[PDB]
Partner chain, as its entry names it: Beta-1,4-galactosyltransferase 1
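One chain comes next, on its own, written out as structure tokens in the form solved without its partner chain.
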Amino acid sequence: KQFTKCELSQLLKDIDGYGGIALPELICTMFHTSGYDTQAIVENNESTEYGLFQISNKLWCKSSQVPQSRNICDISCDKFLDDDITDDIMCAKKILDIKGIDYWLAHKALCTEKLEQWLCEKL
């Protein structure tokens, strides 16, 4: 599933301000991270990132590729490739709590300025 800017904004409205993070900033971050695609899979060296939030099997979810993973979100990585982003959001919040917004390189690089374009009026 590939969401549009406003569709996703509506789904994450209740997350505004979570961990001091503003909604438009999070939308911008996700645009440059996965392009709003729930099925994005990106192989890094000996690890892989999954889904809309690009959650890593190196530390956050369990995958057969990295059997030694701490699996902090306590969930198999396949759950981040389906149509329900509810469990993806639960894990992203745990990343925000523990590690913070810098888990996503896009935030500091491109998402602290030129923010009006990320606002949504109605879809």
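Positions refer to the first chain, counted from 1.
Although it is not shown, the form deposited with its partner chain bound is what the next lines describe.
Looking at its partner chain in the deposited complex, residues 50, 60 and 96 place no heavy atom within 4.5 Å of it. Contact annotation for residue 105: at least one heavy atom lies within 4.5 Å of its partner chain in the deposited complex. Interface membership of residue 13, defined by any non-hydrogen atom within 4.5 Å of its partner chain in the deposited complex, is ruled out.
Although the partner is absent here, residue 21 is not a contact residue: none of its heavy atoms lies within 4.5 angstroms of its partner chain in the deposited complex. Residue 32 belongs to the set of residues with a heavy atom inside 4.5 Å of its partner chain in the deposited complex.
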